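Student: Before anything else, here's the structure in question.
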Amino acid sequence: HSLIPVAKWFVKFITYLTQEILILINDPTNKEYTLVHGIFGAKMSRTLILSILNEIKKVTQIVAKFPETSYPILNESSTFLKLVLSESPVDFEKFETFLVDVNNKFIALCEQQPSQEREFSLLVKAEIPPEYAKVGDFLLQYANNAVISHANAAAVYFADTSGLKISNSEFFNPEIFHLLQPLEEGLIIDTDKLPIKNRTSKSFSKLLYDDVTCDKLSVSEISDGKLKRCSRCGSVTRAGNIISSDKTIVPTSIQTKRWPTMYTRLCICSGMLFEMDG
Amino acid sequence: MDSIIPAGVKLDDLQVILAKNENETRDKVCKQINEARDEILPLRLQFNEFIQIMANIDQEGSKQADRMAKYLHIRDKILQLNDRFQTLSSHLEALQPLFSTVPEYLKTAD
Amino acid sequence: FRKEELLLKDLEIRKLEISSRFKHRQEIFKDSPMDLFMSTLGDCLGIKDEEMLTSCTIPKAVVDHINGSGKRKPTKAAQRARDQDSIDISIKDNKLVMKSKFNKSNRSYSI
Amino acid sequence: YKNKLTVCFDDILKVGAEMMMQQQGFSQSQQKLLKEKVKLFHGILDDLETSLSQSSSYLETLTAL
Amino acid sequence: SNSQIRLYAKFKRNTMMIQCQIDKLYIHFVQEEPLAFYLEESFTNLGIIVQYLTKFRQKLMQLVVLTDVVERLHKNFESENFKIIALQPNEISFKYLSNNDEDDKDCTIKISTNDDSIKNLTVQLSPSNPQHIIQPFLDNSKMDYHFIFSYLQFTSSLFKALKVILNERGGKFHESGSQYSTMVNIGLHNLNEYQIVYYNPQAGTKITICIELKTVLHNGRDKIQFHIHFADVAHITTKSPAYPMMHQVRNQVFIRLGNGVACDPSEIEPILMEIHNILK
């Protein structure tokens with residue numbers, strides 16, 4: 001049951017990259033949307049998603065092979081897992097072949113001309129060197145006919161993929177998201193110089209969504225003071241604590257240690273997690 | 001109600017009848033088409049209001065008697081909806097003999 | 001741990017009761033979409049059938065046959081059929097009666 | 001047009017019949033079915049209004065002629 | 001001797017609303033200081049002071065709310081066509097479109113004032129103004145006046161373009177026997193969309209163009225753009241007699257994703273004419 005909130009962000013993520021495919025075709029000269037090139041260029045990411053799609057098929061096959069029979073009421077979580085995959089706006093099988101074909105084309109190009117900077121460019125720079133300008137044109141042309149032909153073009157463009165918490169501008173509050181002191185004064189800032197409403201860790205970030213299980217944060221979980229913040233990336237998560245009964249399959253007082261207990265002390269970015277002050 | 005235009009009468013006979021009587025039936029049919037035109041819009045407005053009520057069913061509800069009142073109200077709403085459907089059916093069937101000449105005129109002019 | 005067992009048993013009984021409920025409802029009031037809508041919506045609210053009002057009147061033949069207390073005796077096959085069904089169904093004065101067989105308390109059906 | 005207006009309001013309840021059946025989240029197919037039903041109801045209302053206006057104009061022009 | 005009361009008052013700032021005609025209040029501005037003005041009454045017995053004071057208080061609340069409305073409009077209607085024609089205590093006659101007529105009020109706003117603010121701001125639109133087709137929806141919906149002003153400023157260019165389109169067909173006899181079988185009329189669903197359908201009774205064909213207000217995510221922010229596109233019903237095959245012109249429009253147009261065309265309102269009026277260039 002607890003995997004369902006994670007899967008919502010999993011589907012919400014693949015739609016953002018597919019949305020950028022349609023936008024980039026009309027205007028290939030827009031430099032502000034060059035992030036789409038690097039994401040597909042990463043070599044392990046294409047394999048990593050394929051592995052995720054592989055285990056998703058294995059899990060669904062195993063669940064179909066070994067369903068829950070003693071209690072039909074408990075089949076909702078298993079059934080919902082099948083439904084969310086089929087009801088996705090873009091078919092996973094069509095998207096699976098999309099990344100597979102990119103890997104093969106990007107391997108033959110290495111044999112055509114030996115180069116090691118392109119591996120760095122596709123992973124870190126998220127750009128294509130000017131000497132390989134012809135390679136960039138291939139991504140625009142081929143992506144249109146491959147997967148979009150089997151999906152709703154109008155729906156994906158207007159789909160609500162906002163709130164992905166990808167950019168830093170939507171992590172910290174807009175009041176403090178700017179340079180506060182000149183470079184001569186240094187980079188570290190004493191707390192006393194912060195604005196009065198911005199002198200606490202509660203006002204530093206957007207405390208709306210969770211970062212580990214990708215679930216919406218209710219008012220009860222905000223006010224209990226049991227949530228944690230990362231001192232490195234500004235992430236906020238209530239991991240490592242017992243979840244409320246309303247988030248369980250059935251409201252009950254039984255305490256169960258959920259998977260968020262892995263990140264009790266270490267954040268996702270190897271940063272330290274601390275109890276958020278109230 | 002009243003059948004000003006007899007059934008089964010030809011178009012030319014209706015033209016001859018219409019040419020006289022100082023257009024009392026013309027006034028009646030003009031009033032009928034005017035009220036149909038002025039009725040078309042309020043039906044759309046109240047239908048949109050019903051859609052808005054249905055969409056906002058999960059708001060402004062805290063007591064069970066509130067549900068009694070609201071759903072009695074909506075059942076009454078569709079009650080006058082069916083009543084208005086019957087009234088517009090009567091209006092169109094009243095003008096049905098008048099409209100019956102149009103197919104004959106079109107097929108003769110073909 | 002009998003508490004969770006009885007909760008899940010009650011949930012299964014509820015879902016089968018709802019199944020029988022709508023399969024019977026779709027045929028008893030097939031002629032009136034208004035009546036079906038308002039009946040299922042009121043039962044989603046949790047309204048007892050003795051309080052809500054009906055616009056149309058049902059025939060009395062089904063009322064006589066469902067109980068059989070009239071001149072025609074109920075069929076023994078009909079008795080077995082109503083025994084195998086999970087809901088006791090009968091109509092009193094143009095209105096049917098619905099009562100839970102396991103829980104006699106005010107089972108709220110509201111969402 | 002007489003039958004279309006009757007069935008459309010019967011179908012909007014029929015389209016919802018399966019919507020509250022599961023209720024007795026929301027499926028995207030049912031939501032888009034409701035959307036297309038309401039938009040076609042509006043469209044046929046507009047078409048009937050245009051037909052009424054054209055028939056009326058024909059009425060005055062034939063009466064004048 | 002003159003049996004009159006004048007209540008002189010003065011504005012704290014050079015408010016541009018003083019340039020507008022406020023004669024239909026029966027207020028007089030002072031000649032020697034243009035920020036000063038008086039309210040006026042006439043009396044019998046003088047002792048019933050409350051009648052003149054309450055009428056002055058009412059006229060002063062009316063003026064204050066009118067000034068607030070004018071300031072909000074100036075904040076929201078920053079355009080070169082914005083101008084006030086006639087000033088009245090009970091109605092507003094201002095021009096914000098490109099209508100050439102001086103005395104023709106593009107938008108009429110009726111003033112219904114209460115003890116503290118305007119009870120309701122009803123928007124009335126001139127019949128010559130092409131915006132009059134949205135009048136019933138504005139009347140029956142109690143939306144925010146600022147939101148109504150925002151919608152009007154956002155859709156003014158669309159209104160001008162559709163005005164040109166409808167005036168193309170509405171032209172008088174040009175001594176040409178080109179009795180076109182296509183008539184242009186406006187279809188309306190609600191305030192969120194405006195629809196244009198081309199009636200051809202001779203050919204028995206329809207040309208539907210729907211313009212909806214759909215939100216799209218842009219750089220982490222949601223924006224509203226006009227969704228000019230053919231409806232999903234318009235899955236017209238190659239066999240339709242009228243299909244050539246839809247196919248030409250699709251080939252020459254279909255931000256294009258194949259079906260929809262989202263456009264900036266500052267650029268809708270040239271591109272719509274580009275669509276209308278094929279139509280005309």
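Letters for chains follow the order of the structure tokens (A, B, ...), residue numbers begin at 1 for each chain, and ligand numbers begin at 1 in the order shown.
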Counting only C-alpha atoms, which residues of chain E come no farther than 12 Å from chain D, as a list in words?
Tutor: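 Every residue of chain E that passes the 12 Å test is in residues 183, 184, 185, 186, 187, 188, 189, 190, 193, 195, 196, 197, 198, 199, 200, 201, 206, 208, 210, 231, 232 and 233 of chain E.
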Student: Could you write out the selected residues, including C-alpha atoms, as a tab-separated table (two decimals), in the first residue's frame?
Tutor:
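Result file out11.tsv:
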chain	number	residue	atom	x	y	z
E	183	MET	CA	-22.49	32.01	-42.53
E	184	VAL	CA	-20.39	32.83	-39.46
E	185	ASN	CA	-22.08	32.77	-36.05
E	186	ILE	CA	-20.81	32.54	-32.48
E	187	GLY	CA	-21.51	29.48	-30.34
E	188	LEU	CA	-21.29	29.89	-26.57
E	189	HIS	CA	-20.95	27.31	-23.79
E	190	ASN	CA	-19.75	29.31	-20.77
E	193	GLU	CA	-14.74	29.02	-23.93
E	195	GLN	CA	-16.95	28.72	-30.13
E	196	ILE	CA	-17.31	29.63	-33.81
E	197	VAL	CA	-19.21	27.36	-36.22
E	198	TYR	CA	-19.65	27.98	-39.95
E	199	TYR	CA	-23.17	27.16	-41.16
E	200	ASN	CA	-23.46	25.88	-44.75
E	201	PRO	CA	-27.05	24.78	-45.48
E	206	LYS	CA	-20.07	22.33	-40.55
E	208	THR	CA	-16.36	24.19	-35.88
E	210	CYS	CA	-13.50	26.03	-30.44
E	231	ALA	CA	-12.79	19.50	-31.89
E	232	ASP	CA	-12.22	15.78	-31.35
E	233	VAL	CA	-15.39	15.12	-33.37
Student: Show me, as a ChimeraX atom specification, the residues of chain B whose atoms get within 9 Å of chain C, using only C-alpha atoms for the distance check.
Tutor: /B:64,67-68,71,75,78
Student: Kindly export the residues of the current selection with N, CA and C atoms, as an mmCIF file, in the first residue's frame.
Tutor:
data_model
loop_
_atom_site.group_PDB
_atom_site.id
_atom_site.type_symbol
_atom_site.label_atom_id
_atom_site.label_comp_id
_atom_site.auth_asym_id
_atom_site.auth_seq_id
_atom_site.Cartn_x
_atom_site.Cartn_y
_atom_site.Cartn_z
ATOM 1 N N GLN B 64 -26.620 16.095 8.649
ATOM 2 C CA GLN B 64 -27.340 15.140 7.813
ATOM 3 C C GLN B 64 -28.598 15.776 7.226
ATOM 4 N N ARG B 67 -27.985 17.454 4.085
ATOM 5 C CA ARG B 67 -28.136 16.572 2.932
ATOM 6 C C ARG B 67 -29.604 16.373 2.572
ATOM 7 N N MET B 68 -30.476 16.176 3.568
ATOM 8 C CA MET B 68 -31.907 16.111 3.256
ATOM 9 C C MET B 68 -32.361 17.320 2.446
ATOM 10 N N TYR B 71 -30.581 17.571 -1.203
ATOM 11 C CA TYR B 71 -31.000 16.587 -2.191
ATOM 12 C C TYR B 71 -32.491 16.668 -2.496
ATOM 13 N N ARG B 75 -33.726 17.183 -6.302
ATOM 14 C CA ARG B 75 -34.796 16.381 -6.888
ATOM 15 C C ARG B 75 -35.914 17.279 -7.404
ATOM 16 N N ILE B 78 -34.588 18.767 -10.882
ATOM 17 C CA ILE B 78 -34.883 17.895 -12.020
ATOM 18 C C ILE B 78 -36.390 17.719 -12.214
#
Student: Would you pick out the contacts of residue 2 in chain D at 12 Å or less, using only C-alpha atoms, so that residues sharing its chain but fewer than 5 positions from it are not included, and give the list as a VMD selection string?
Tutor: (chain B and resid 85 to 93 96) or (chain D and resid 7 to 9 44 to 45 48)
Student: Once you have the residues from the selection above, write them out as an mmCIF file, in the first residue's frame, restricted to N, CA, C and O atoms.
Tutor:
data_model
loop_
_atom_site.group_PDB
_atom_site.id
_atom_site.type_symbol
_atom_site.label_atom_id
_atom_site.label_comp_id
_atom_site.auth_asym_id
_atom_site.auth_seq_id
_atom_site.Cartn_x
_atom_site.Cartn_y
_atom_site.Cartn_z
ATOM 1 N N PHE B 85 -39.124 20.234 -19.970
ATOM 2 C CA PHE B 85 -39.021 19.392 -21.156
ATOM 3 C C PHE B 85 -40.398 19.128 -21.751
ATOM 4 O O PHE B 85 -40.580 19.202 -22.972
ATOM 5 N N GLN B 86 -41.385 18.841 -20.900
ATOM 6 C CA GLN B 86 -42.745 18.646 -21.394
ATOM 7 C C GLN B 86 -43.301 19.924 -22.015
ATOM 8 O O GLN B 86 -43.969 19.878 -23.056
ATOM 9 N N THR B 87 -43.039 21.076 -21.390
ATOM 10 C CA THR B 87 -43.544 22.338 -21.931
ATOM 11 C C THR B 87 -42.924 22.651 -23.287
ATOM 12 O O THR B 87 -43.621 23.096 -24.207
ATOM 13 N N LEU B 88 -41.614 22.437 -23.435
ATOM 14 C CA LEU B 88 -40.986 22.692 -24.728
ATOM 15 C C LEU B 88 -41.423 21.669 -25.770
ATOM 16 O O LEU B 88 -41.509 22.001 -26.958
ATOM 17 N N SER B 89 -41.711 20.435 -25.352
ATOM 18 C CA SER B 89 -42.291 19.467 -26.279
ATOM 19 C C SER B 89 -43.651 19.941 -26.775
ATOM 20 O O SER B 89 -43.958 19.839 -27.968
ATOM 21 N N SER B 90 -44.476 20.470 -25.867
ATOM 22 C CA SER B 90 -45.762 21.031 -26.272
ATOM 23 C C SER B 90 -45.573 22.217 -27.210
ATOM 24 O O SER B 90 -46.309 22.366 -28.192
ATOM 25 N N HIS B 91 -44.588 23.069 -26.922
ATOM 26 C CA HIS B 91 -44.324 24.221 -27.777
ATOM 27 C C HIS B 91 -43.913 23.788 -29.179
ATOM 28 O O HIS B 91 -44.369 24.365 -30.174
ATOM 29 N N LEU B 92 -43.050 22.775 -29.281
ATOM 30 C CA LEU B 92 -42.580 22.350 -30.597
ATOM 31 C C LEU B 92 -43.665 21.599 -31.362
ATOM 32 O O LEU B 92 -43.753 21.715 -32.590
ATOM 33 N N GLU B 93 -44.502 20.824 -30.664
ATOM 34 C CA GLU B 93 -45.584 20.140 -31.366
ATOM 35 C C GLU B 93 -46.680 21.115 -31.778
ATOM 36 O O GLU B 93 -47.403 20.857 -32.746
ATOM 37 N N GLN B 96 -45.330 22.201 -34.838
ATOM 38 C CA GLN B 96 -45.096 21.095 -35.764
ATOM 39 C C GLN B 96 -45.903 21.215 -37.051
ATOM 40 O O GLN B 96 -45.328 20.994 -38.132
ATOM 41 N N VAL D 7 -33.071 11.597 -24.252
ATOM 42 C CA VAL D 7 -32.050 10.587 -23.992
ATOM 43 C C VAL D 7 -30.805 11.219 -23.378
ATOM 44 O O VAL D 7 -30.136 10.606 -22.537
ATOM 45 N N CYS D 8 -30.474 12.450 -23.781
ATOM 46 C CA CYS D 8 -29.262 13.089 -23.275
ATOM 47 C C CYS D 8 -29.328 13.294 -21.768
ATOM 48 O O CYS D 8 -28.346 13.046 -21.058
ATOM 49 N N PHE D 9 -30.476 13.743 -21.258
ATOM 50 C CA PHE D 9 -30.625 13.851 -19.811
ATOM 51 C C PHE D 9 -30.814 12.489 -19.160
ATOM 52 O O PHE D 9 -30.514 12.328 -17.972
ATOM 53 N N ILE D 44 -25.929 20.330 -29.200
ATOM 54 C CA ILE D 44 -27.227 20.065 -29.810
ATOM 55 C C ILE D 44 -28.232 21.139 -29.418
ATOM 56 O O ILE D 44 -29.120 21.477 -30.206
ATOM 57 N N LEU D 45 -28.114 21.701 -28.210
ATOM 58 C CA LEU D 45 -28.961 22.837 -27.855
ATOM 59 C C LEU D 45 -28.702 24.016 -28.790
ATOM 60 O O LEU D 45 -29.641 24.651 -29.289
ATOM 61 N N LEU D 48 -30.175 23.234 -32.231
ATOM 62 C CA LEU D 48 -31.623 23.400 -32.237
ATOM 63 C C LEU D 48 -32.001 24.874 -32.255
ATOM 64 O O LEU D 48 -32.958 25.268 -32.930
#
Student: Using only C-alpha atoms, find each residue in chain E having at least one atom no more than 7 Å away from chain A; report its shortest atom-to-atom pair and that distance in Å (one decimal), rows by chain then rising number, as a Markdown table.
Tutor:
| residue | atom | partner | partner_atom | distance |
| --- | --- | --- | --- | --- |
| E:215 | CA | A:158 | CA | 6.6 |
| E:216 | CA | A:158 | CA | 5.0 |
| E:217 | CA | A:162 | CA | 6.6 |
| E:220 | CA | A:162 | CA | 6.1 |
| E:255 | CA | A:26 | CA | 6.7 |
| E:257 | CA | A:22 | CA | 6.7 |
| E:260 | CA | A:154 | CA | 6.9 |
Student: Would you export the selected residues with N, CA and C atoms as a CSV table (one decimal), in the first residue's frame, please?
Tutor:
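Once everything was written out, this is selection30.csv:
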chain,number,residue,atom,x,y,z
E,215,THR,N,-5.2,25.7,-19.0
E,215,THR,CA,-3.9,26.0,-18.3
E,215,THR,C,-2.8,25.0,-18.7
E,216,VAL,N,-1.6,25.5,-18.9
E,216,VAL,CA,-0.5,24.7,-19.3
E,216,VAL,C,0.7,25.1,-18.4
E,217,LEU,N,1.5,24.1,-18.0
E,217,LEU,CA,2.6,24.4,-17.1
E,217,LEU,C,3.8,24.9,-18.0
E,220,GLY,N,7.7,25.7,-14.6
E,220,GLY,CA,7.3,25.6,-13.2
E,220,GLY,C,6.1,26.5,-12.8
E,255,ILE,N,2.5,27.5,-31.3
E,255,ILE,CA,2.8,26.2,-30.7
E,255,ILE,C,1.8,25.2,-31.2
E,257,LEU,N,0.9,21.1,-31.8
E,257,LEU,CA,1.2,19.7,-31.5
E,257,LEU,C,0.4,18.8,-32.3
E,260,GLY,N,-4.0,21.0,-31.4
E,260,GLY,CA,-4.2,22.3,-30.8
E,260,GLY,C,-3.2,23.3,-31.1
Student: Could you please tell me, as number ranges by chain, which residues of chain D have an atom within 10 Å of chain C when using only C-alpha atoms?
Tutor: D: 10-11, 13-14, 16-17, 20-21, 23-24
